[PDB]
Every structure is written in C-alpha cells, then in structure tokens.
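Chemist: Structure below; questions to follow.
Readers should treat all values here as calculations from the given coordinates under stated rules, not as data from a laboratory. Cβ placement follows ideal geometry from the backbone for every residue including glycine, while neighbour counts extend to all protein chains displayed.
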Amino acid sequence: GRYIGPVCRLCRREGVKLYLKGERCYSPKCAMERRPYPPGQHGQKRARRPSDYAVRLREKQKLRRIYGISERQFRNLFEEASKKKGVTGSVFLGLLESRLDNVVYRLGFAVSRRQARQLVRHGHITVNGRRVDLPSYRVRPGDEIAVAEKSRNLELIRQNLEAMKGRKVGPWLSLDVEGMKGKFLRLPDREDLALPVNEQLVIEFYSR
Amino acid sequence: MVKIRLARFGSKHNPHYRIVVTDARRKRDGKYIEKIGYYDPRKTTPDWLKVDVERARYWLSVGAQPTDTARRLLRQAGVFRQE
Amino acid sequence: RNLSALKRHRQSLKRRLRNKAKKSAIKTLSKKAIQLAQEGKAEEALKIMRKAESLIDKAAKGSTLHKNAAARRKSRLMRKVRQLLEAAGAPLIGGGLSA
Amino acid sequence: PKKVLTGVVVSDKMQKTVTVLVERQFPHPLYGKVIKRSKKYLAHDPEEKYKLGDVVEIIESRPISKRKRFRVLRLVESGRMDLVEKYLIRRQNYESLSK
RNA sequence: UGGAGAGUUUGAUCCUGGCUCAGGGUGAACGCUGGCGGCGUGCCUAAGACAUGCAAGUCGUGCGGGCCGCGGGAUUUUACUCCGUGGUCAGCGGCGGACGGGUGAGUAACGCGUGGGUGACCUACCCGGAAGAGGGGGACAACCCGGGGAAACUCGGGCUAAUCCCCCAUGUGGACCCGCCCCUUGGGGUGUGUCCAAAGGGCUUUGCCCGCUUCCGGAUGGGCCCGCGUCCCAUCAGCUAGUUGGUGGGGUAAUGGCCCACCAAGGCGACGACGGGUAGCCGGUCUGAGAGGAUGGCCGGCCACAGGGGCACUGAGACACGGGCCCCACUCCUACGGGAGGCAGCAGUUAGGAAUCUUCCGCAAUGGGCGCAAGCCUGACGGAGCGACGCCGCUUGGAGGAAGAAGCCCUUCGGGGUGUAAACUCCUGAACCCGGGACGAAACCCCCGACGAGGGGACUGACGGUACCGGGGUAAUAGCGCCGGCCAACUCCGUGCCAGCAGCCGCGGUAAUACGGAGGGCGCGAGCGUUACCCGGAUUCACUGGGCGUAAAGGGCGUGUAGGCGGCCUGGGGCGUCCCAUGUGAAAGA
Ligand SMILES: [Mg+2]
Ligand SMILES: [Mg+2]
Ligand SMILES: [Mg+2]
Ligand SMILES: [Mg+2]
Ligand SMILES: [Mg+2]
Ligand SMILES: [Mg+2]
C-alpha cells in the first residue's frame, strides 16, 4: 500500500517543493527553504548533465509523487487516457484530479493528500449522502463531497473547516463552509492547475 | 423437444439469466437458437425483466415448452394474457 | 458394481431374436417367388409374392425393418417377378400387379 | 446453386465419361499477381456424345461414381485441339523430368 | 488516432553483417519476501497405472408376483379360503442409458472453416391439422421343482399378467408394380391391381384426463455431395488392380468401387501425385503502426477417442466412457477347470515431472431425465476449501515536531549525511469484541375461476449467522532488485587475473563507483527478482519492405520445352477488375 516513509525529502530530490506535508511544507521549510537539494552523501555535489531519459523519468516521478498514487495505478490511468478521445496529457491530469482522496484535499477538509486519504479510508467523508471509503473513487461532475455528520464534531474537521472560512476554492469546485460540504462542478482544464510539471515529457516517457 | 429457458450469464453471486430458446439436449450455457429476453433475480436495476413477447408467442406457436420458471417470467410480462 | 439396467441387454437379445426371424422368412419367400417366375407361373408365382408383400409391410410396423427399407424390398421383388414373367408367357391371376 | 464450371474435354477414352479440364484465375493472396490454376473433373456423358476438344459447361450433381460428381450440361464450342495439345505436351513433358 | 531505438568489428571513418538489450505477453516454474479482501484460474509431463466413496435413472395412473405386518369377511368353528391396506424386494413392460461430463491419442482429411447442393435422405419426445381404436388368439420372466459350477453364474421342467407378441377385420390414409398427366435426376397428381393400423390406464366416473394408431405438415437435431481455404521435406518423382470408368446386382434413411459378379483400359502427378516428418480445426488469444508473425489453456462451435485392435446387436438415434462379443497386453479372485475388471466423470492415491488443489456443503438457484402430480435421480451445476498463479481494491498510520539527539557512514578534522526521519504532543481508529442481519425465492403445488386468462395462498437458503448496518475500540508488516556503459542511482573499507562478477561490450595482476561487506542512493512495493517460450525492436525472407563489379550472391556458353510477359487501330463477348442492392458473417470476446 502507497508510499510511507520520509517525505518533505522529495519536497527535495525532485528539485521543487512538492506540497506533501501540508501546513509545515509552507512555513520556513518544505525543508526546500533550508536545503534546496537532493538527499544523501552526494546531495550538494557537482550536478551531472542528465540523459533525455533521466529527464523524462524525473518528470513523471514528480507528477506521480505529488498525488501520492502508485506506479501500477498511475500507469493504468495514463493507458486509459491514450485510448480515450482528446489530447492525452490533459485528460490524464483530469482523471488524476477527479480522485476523491484529492478532491477532499482540494476542498481543504484536510491539509494534506496523505491526511486527506486517511479521512476517506476512516469513513469521515461522503459522496451525495452515501459514505465512501475508497481514496481512488472517480468523482464525476455534479457530485457533492460532504463531511460525515457523525464526524463534524472532531477537533481536526473543525480546525480545518475553520481556516477555510476566508480562503478561495478552485474554479471547477465550490464550497459551502458552514454546511461542511462542497461540489465537483466540472473536470479541470490544463490551464486551471499550476502544476510544476511539463506533461508532454510524461507522454514521451511512455512512448518507449 | 425445443425449449424456452434460462441461461446463466453474469458472475459469482451475480446471477443474470438470458431467456433463450434452444434444443433441450444442449448444455445450459451452450449455443441457443434465439435470445428472447433477460432477467435479474435481484432486481438491482429498475429494468430487471424484459421479454420480446411477439417472439415468445412465435415459438410457443411452433411448440416449445418453457421451463416452469421460464414460464413464470413469461407471464409477468403477460405472454399468455388475452383480450 | 451392479447396474440393474443391464436389463437392456436382456431385452435386446429378445428383439434381435424376434427380428432375425421375420427377416429370414421374407427372404425364403421372395426367393421362392422370383424362382417360380423364372418358370412362367400364373397364380403360384404372384400368390407367394403377395404373401411376401404383406410380410414385408407387417415387419415395417415395428422396429424390424421399418420404413421403406420396406418399400425397397417390395419394389425389387415385384419388379423382378413381372420381368421374368414376360420373359416368357402367361400373365394371369391378377394378384399383386396392376396389369 | 449447383456450381456450373466450363472447360475442355481432354479425354473420352472412357465409356459414358469425359475428363474435363477447368481453368481459373485470381489475385494471389499475398503477392498480387493474377495466377492461373486448373483442374480436371470427370463428368458424366450418358450418350458418349461429346469428344476431344469440345468446350462444355459442367454441373454439380448427385454422385454418379467415386469421383464423378458433375454432368455435362451443354456444348459451348467444338474444335479446340490447341488446348488439348497444350495439355498433352505438359503431360508428355513429365517424361524427361525423372531420374 | 498510428511507427523512438541503443551497445558491439577500426588507431580513427563510412558501409555491410551477425550477436545483444530496452517493451509487451504466459495454464508457468524457481529464490528471497509475505498483511486483508473480491473476481478469475490451477497435470502443459506418462492417452502411464489406479485402492475407496459418489458421478443415470425413474414410473404402482402399464402388469403379475415373492417376503414381513395390520384390518375386515365366509362357519358358528377355527383347518381351508374372499376382500382391503401398509412396508419392502426385485421381475415383466415403458422413457431415459446416443444427452449432460472427460480428454487431445489418432487425423494433413470434405477432419475443420466458409459458401452452397440434396429431384439422393432420416429425425424419439414437442406443436398444428385429418381420420381411427371393432373381434379373436399366444408366450416368456416373476413364482415353484429339479440338475451342473469353487465362484461368475449356468441348463432343463411347470404356472401367469399387461401399454409384451401374433392372427382377422374397418383403410381417413400410406407403401409398391404398371399406365397416363404436370414437373423436370428419385418432385406432385392420378386409375385399376396387391399390401399395411391400434392400448390401454386414472378418476372429482356417460366426461374429463394421461396415453395409443395411420397420414400430411411444422419445429428442432442430423446424414451424404460439391467449390474455395487449410504446416514442413523434392536429399520423397513417378503413384495406382476396386485401381479409373461401364452394365447389372447387393447394401443403406439415402447418393456413390460402399461391397460383388461380369466387360473396357482407364485414373492421378512439377498447379508437386506418391512417400516421410509434424499437428485436433475454428470463434478467437498474444504481439505488431500495419501488413504480418506466433498460438488454439480457460469459455463457446465442429471433429475424434474411451487400456490396444476388430465386430456387430438393440434402437428414432450407437457400431455406444460408467451396454454386448472375440483377439492382444495388464491387474485381481481361483477348489487350476475357469472367472472378474477398465477414473481421458468428481474428489483422492501412486508414478513420471521444475510444476498443477478438498477423498468439502448443497440440490436453495439454473439446467437435464422419468413421473399426471407429490416427488426421486443429477460430482451437470450453485457454493465453500487450498495456491500472491493472474487481474482489481485496501492496510502497516495523520497533523505537529531541532539550525537537527543518539548510534552507524563518510571527513581538508572546520564539517557533511541518514533526517522531520525517530524521541515525544495532540488526532483518527486496520485488526479484534458486542448488537442487529439480507437479496438471491416465486413458481411447481393448493383454493377462486374453466385443469385456460386472471386472482389468492402456503412451503423452500447450501452459501451463512456470510455480505451489509449500528455500537465499542488498539499506532498497529516491508520486502526484493538494482547504482561501469546501454540504464535511473557513489563513496569507505576488504580483496589482489585470487576469491569472484558477466544479457552484450567486458570488470579483477595492492587505490576496483563493475568482485564481498558497510553507509548512502535509484526502481518497484505485497511483492520483487530469475529461468524457459511467443510477437517486438529485426525493412535481418524485404507483399507493404531487401539485395548480387570489389561486402553473402550472375548459372561456364548456347539451343530451346513448359511456363511468365507482349506493338498500333477497330469491333463482339463481359472470365479478370469496378459499382449497387440483398443473403450470410451465432453467442461470448474486441
Ligand atoms: Mg577498438
Ligand atoms: Mg502425411
Ligand atoms: Mg552484482
Ligand atoms: Mg519481420
Ligand atoms: Mg557470366
Ligand atoms: Mg532463348
């Protein structure tokens, strides 16, 4: 099951701060502030002109590591998008973005995808009333991703729903803050996300 | 003797039958002469039962005994109901 | 190690017996008819052939010879008898043939 | 429909029967070229009426023999000893093809 | 909506050319590792051998008995006997045992695939229609009495019923000879002549039901014929006496040298006959940009086989896996004369093998067989069990947390790394405990109605006390491969052409990013590696898509056989070729 181990640690290695640790990876350190380089004995050593493979690799790692999903699962999603009608890279970002464990986090019910996953497994989240505990669930457009009435009380739901009192929400989403529930309006366009990752190198990574 | 009767499709703990005509001597999930409906015993769909009834009447007309449960379902969509 | 529908073997033997029997008599009769006809014979030739006829049909009733296996034998026999008959003289006792 | 083939008579050296060579041409399954291919059929001739060099139609039939399954339907044209000759050399060619 | 290339011949270059890798795939096996569940799938080898249990029956509404019971009767004497009823056993008679299940040995062939023929044919049960069922006679088991055998069993004698068997009649009709008419292979029709039917049972008993006989039809299933397609070797080139055709017979449901007598001298072959090797074929599966290559496990269709080889009987169907006969091999019983037997059904045992499961629950569901029904049978099937064998889902925590603990690795001795990683603070609560708890199942059947239509009613869950719901509630598993280039990831020790690595180029001879250990890093993650096999890259058999002066490759030269190819103009035909309709192209798969 999914990654598990040192993390704002590729808030290093991939070269760019990935948002993985949530509230800290925001505040003098996704260690990227304190150490903007690769991990281990050789981290700050003279860089090496890397291969058009090494390049393509890294990029797909990056994207995959953001959303926390595995290579097995990732690779399939992609496969599915090539056979699908339309420009392929976007579509994939689309499907990637339509995963419950991430919509929940996009609505700020949790501060981390890692944390937002645990809310889905552990019950605390619903899809149009009915309770849903698969982080991989494909939210389609028109769905309502609510908090569990029985879970509203929890210190963590409250503290987090609270910091969203002011905050803005994605163009393809909405958010009734005091009813502790939101809405997947449509699937986002490449333009709508500002992801630190050139998608066409991913396509190209899987063409050999 | 030729039969109207139920062939098991679907999967495990997911029965789904196809109401088929066939020669009686063929295995159950083997080659049928004609599909004429389907049936979901768990009614997990609003449309869990359906029957081309002009065709049912056809075969009945050329002699085809239905299983007993083939005929129950045939009735529900009034294959035998007159006037 | 004892399957009581070996009853089917008992029966078969009986029908074999019954069957063999009717057959044997259709031959020894048909043979006898064509013979008398290769000799120019009114009554005696057809009389037999017409006994032979019956016997065939009779055997067709059951599982013996059923069908048109029947017919075949009637055709072959009552062709032959007639042929041989004009291959000499006499045509008489009307018996079996549409003269 | 009972297949009708047309070819040439290349043998009447058999009683009530003729060997009828039938050609056929087509695209080659992989290599494009139109190739020819040919076949003798033994066709039934009850009135030994056709003979050497007749071009004849040929029809699917109820089996007459082991390997007669066609009947001579009609004459198309007489003569054609060229085609017959053409055949006959190809046959006599095989003589100095041995060891 | 589709196509990537790299390493390696030289001191260097270009080219040719082979090898090798990166990707997908599998009924896999093997190493280390291993938490949960769902859906799949699991003897590829010896078509070797098999212990034990189950896998095909059912019908008393076809018939007569035996054996163990109960009840009532004839007599007022208990012997003898008539009737009724319950067990239970087989027998006779019917239907089923030709389906369902297994397996791929054989088979290069009308076996399969595809499209057609059948004027050359058959089809039990089912449906529609027409017309019938009036008399008589017989036997063989059961049962009883003998005799032979050790056993399997067997031979004789006597009695008997029926939906068992025969005779005679009635002939809606149908069969055959002959003739005539239509049609055109043996299809319809028709006239004399001959020939051929039947069975009874149950009652809610004169009016129904389950059946019976003859005929024409329908439906479904199948037989035989034909065109085209169907691997390798020409270091297999000539093959053939039922052989090719004829006439006439037999045989069959039916064509045909299928078989037989007689006549004739024919048939096949470089367009590959004959011979040898290999193989069940297809829907489809995998791979590929495609063309194509490879493949035919599972599921579905057709074939063949049932220890090896013959044969027939019964029957609508068989030349029959759990029917029969004989020969061969093999195992067992044997009183040595003789018998018995056949898991390529489900389990399971053994043997070969790198490798392939439970002697499980249920007939509750679907399907099948017999029965009027109730029901009985079904290792078909529906489920559970075992394998990470495959695919999918999910857990081993979440948020805080130092200019950063300890330990371990480097160190130009300042420091750098593991590392927010742990510690520890709050949070959630896989597992586990409690409570409740399914759908899958409404029919058949009974009651109203009319045995219809329609209405009503009841019985029935193997999976299972499972899924799912509610309540409580514990921080609670991580491994494997790799870091010389191709290919993503580097440093210290150890070791010295040793020990060892290695897919290919190639690493190791005291400073090794290539060996072995460390730390660290890269990639995947309940997996990760390895070996084998397939397509790929390989335009490296080149149709798409290659070549031959010197790289592999022009025959030593002619002559010419077959074959391939063929100038200008016109015309006919319409085989090639093109277009439109229409049929076929099953379902599953994509
Ligand atoms: Mg060199
Ligand atoms: Mg061969
Ligand atoms: Mg190594
Ligand atoms: Mg190729
Ligand atoms: Mg030269
Ligand atoms: Mg020349």
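Chemist: Under a 10 Å cutoff between Cα atoms, tell me which one of D:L30, D:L42, D:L75 has the largest fluctuation in the Gaussian network model of chain D.
Modeler: Of D:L30, D:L42, D:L75, the Gaussian network model singles out D:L30 as fluctuating most.
Chemist: Could you pull out every one of the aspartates and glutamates with an alpha carbon less than 12 Å from that of B:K3, ignoring same-chain neighbours closer than 8 positions?
Modeler: B:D23, B:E34, B:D68
Chemist: Is the shape of segment A:8-158 rounded, prolate or oblate, going by the alpha carbon gyration tensor and its root eigenvalues a ≥ b ≥ c, with a/c under 1.5 for rounded and a/b larger than b/c for prolate?
Modeler: Numbers: a/c = 3.11, a/b = 1.37, b/c = 2.27.
Oblate, because a/c is 1.5 or more while a/b does not exceed b/c.
Chemist: Let me ask you something else. In Å and from the alpha-carbon atoms only, list the Rg and Dmax of segment A:97-193.
Modeler: Here Rg and the maximum Cα pair distance are 12.1, 37 Å.
Chemist: Ok, one more. Listed highest first by mean packing, meaning other Cβ atoms within 10 Å per residue, what order do A:93-104, D:8-19, A:42-53 come in?
Modeler: Descending mean neighbour count gives A:93-104, D:8-19, A:42-53.
Chemist: Which entries of A:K21/A:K60; A:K29/A:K62; C:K31/C:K58; A:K17/A:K85 have Cα-Cα distances beyond 23 Å here?
Modeler: Over 23 Å apart, Cα to Cα: A:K17/A:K85.
Chemist: Using only the alpha carbons of chain D, determine the length spanned along each of the three principal axes and report them from longest to shortest in whole angstroms.
Modeler: 41, 35, 28
Chemist: Here's another thing I want to ask about it. Given the C-alpha atoms of segment D:2-47, compute the convex hull and give its volume per residue in Å³.
Modeler: Considering the Cα atoms of segment D:2-47, their hull volume per residue is 83 Å³.
Chemist: Using the charge dipole of chain C (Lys, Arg: +1 at Cβ; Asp, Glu: -1 at Cβ; taken about the Cα centre), state which of C:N2, C:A87, C:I56 has its Cα farthest towards the positive end.
Modeler: Towards the positive end, the residue furthest out is C:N2.
Chemist: Continuing with the same structure: With 10 angstrom as the radius, rank B:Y32, D:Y41, D:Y94 by how many other C-beta atoms surround their C-beta, starting from the fewest.
Modeler: Ordered by Cβ neighbours within 10 Å, fewest first: D:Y94, D:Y41, B:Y32.
Chemist: Something else: With an 8 Å cut-off on Cα pairs and a minimum separation of 6 or more residues, tell me the relative contact order of segment A:97-193 in percent.
Modeler: Relative contact order of segment A:97-193: 29 percent.
Chemist: Same structure again: Which of D:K2/D:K40; B:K31/C:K67; C:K27/D:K66; D:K2/D:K49 have a Cα-Cα distance over 27 Å?
Modeler: Table pairs above 27 Å Cα-Cα are B:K31/C:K67; C:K27/D:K66.
Chemist: Counting DSSP beta bridges in the protein assembly as shown, what percent are antiparallel, to the nearest 5?
Modeler: Given both bridge residues lie in the protein assembly as shown, the antiparallel proportion sits at roughly 90 percent.
Chemist: Please enumerate, by chain and number, the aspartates and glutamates with C-alpha under 17 Å from the C-alpha of C:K61, excluding those fewer than 8 residues away in the same chain.
Modeler: C:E53
Chemist: Would you mind classifying the protein assembly as shown by shape? Square roots of the alpha carbon gyration tensor eigenvalues, ordered a ≥ b ≥ c; an a/c under 1.5 is rounded, otherwise it is prolate if a/b is larger than b/c and oblate if not. If you can, show how the numbers build up before the last one.
Modeler: On the way: a/c = 4.26, a/b = 2.16, b/c = 1.97.
Judged from the Cα gyration tensor, the protein assembly as shown comes out prolate (a/c at least 1.5, a/b above b/c).
Chemist: Next question. Averaged over all directions, how much area does the convex hull of the C-alpha atoms of chain B cover when projected, in nm²?
Modeler: Working: hull surface 22.9 nm².
Taking the Cα atoms of chain B, their convex hull projects to 5.7 nm² on average.
Chemist: Determine which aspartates and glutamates satisfy two conditions relative to D:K33: a Cα distance under 18 Å, and not lying fewer than 8 residues away in the same chain.
Modeler: Those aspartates and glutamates meeting the cut-off are D:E23.
Chemist: Let me ask another. Mind putting together the pair-distance distribution for segment D:48-87? All Cα pairs, 5 Å bins, whole percent per bin, short to long.
Modeler: Result, from short to long distances: 6, 22, 23, 20, 19, 9, 1 percent.
Chemist: Give me C:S30, C:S75, A:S112 ranked fewest to most by other Cβ atoms within 10 Å of their Cβ, as a rough exposure proxy.
Modeler: C:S75, A:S112, C:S30
Chemist: Counting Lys and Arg as +1 and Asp and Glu as -1, each charge on the Cβ, what is the dipole of chain D about the Cα centre in debye, to the nearest 20?
Modeler: So the dipole magnitude of chain D works out to roughly 560 debye.
Chemist: Could you give the length gained on full extension between B:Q76 and B:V62, defined as 0.36 nm per residue of separation minus the Cα-Cα distance, in nm?
Modeler: Roughly 2.9 nm would be gained on extension.
Chemist: Ok, one more. Connecting C-alpha atoms closer than 10 Å in a GNM of chain B, tell me which of B:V20, B:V53, B:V62 has the biggest fluctuation.
Modeler: Its mean-square fluctuation being the largest, the pick is B:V62.
Chemist: Which of rounded, prolate, oblate describes chain C, given a ≥ b ≥ c as roots of the alpha-carbon gyration tensor eigenvalues and a/c under 1.5 marking rounded, otherwise prolate only if a/b is larger than b/c?
Modeler: Prolate, because a/c is 1.5 or more and a/b exceeds b/c.
Chemist: Here is a further query. Given the rule -39500 (n - 2.57) for each run of at least 4 DSSP H residues, summed and divided by the residues of the protein assembly as shown, what is its mean residue ellipticity at 222 nm, to the nearest 500 deg cm²/dmol?
Modeler: Mean residue ellipticity, 222 nm, calculated: -11000 deg cm²/dmol.
Chemist: Continuing with this model, one more query. Determine, for C:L36, C:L6, A:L57, the number of other Cβ atoms within 10 Å of each Cβ, and report the residues in order from fewest to most. List each step's numbers first, then the result.
Modeler: Numbers: C:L36 21, C:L6 8, A:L57 14.
Ordered by Cβ neighbours within 10 Å, fewest first: C:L6, A:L57, C:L36.
Chemist: In addition: Roughly how many nanometres apart are two label points built 7 Å out from the Cα toward the Cβ at D:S61 and D:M81?
Modeler: It is 2.8 nm.
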